[PDB]
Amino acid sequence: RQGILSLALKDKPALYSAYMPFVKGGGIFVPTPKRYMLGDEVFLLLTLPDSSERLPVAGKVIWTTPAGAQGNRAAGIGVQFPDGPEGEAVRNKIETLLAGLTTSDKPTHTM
């Protein structure tokens, strides 16, 4: 865990709250109290609800929410999926699992 974040999403609601559909290429919100800067390169191990596989995501920080943020908003970072087959594959699985749920009115970890 020396600079390696991990996020396990055990069901469809967890994935919905975490997914960032307005990010180009897709993005995922990762709770963490550590302060990051926009643009930081991070490495994420992402587990999705459908299986135990840990998915490596070499992404960029495009969103931060700080420790002790104003409301019931979780501290952490939003991570943009990289351009490339590995990133599009992650986005594709997610958008299948959440079919018809992304234009829901339910609040997410980000927006």
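Whichever C-alpha set is largest while still superposing within 1.5 Å between the two forms counts as the rigid core. Residues carry their position along the shown sequence, with the first being 1.
After superposition on the rigid core, the larger root-mean-square Cα deviation in 4 other deposited structures of this protein belongs to 28-36, not to the other of 41-49 and 28-36. Looking at 51-59 and 80-88, the one farther from the shown form in 4 other deposited structures of this protein by average CA distance, after a rigid core fit, turns out to be 80-88.
Among the other PDB entries of this protein that were compared and that flank it with modelled residues, residue 66 is modelled in all, so it is never left out in a third of them. The deposited model assigns a higher average Cα B-factor to 48-56 than to the other stretch when 72-80 and 48-56 are compared. Note on 58-66 vs 34-42: mean CA B-factor is higher in 34-42. Of the candidates 99, 90, 23, 18, the deposited coordinates give 99 the top C-alpha B factor. In the PDB entry, a CA B factor belonging to the lowest third of its chain's modelled residues is recorded for residue 111.
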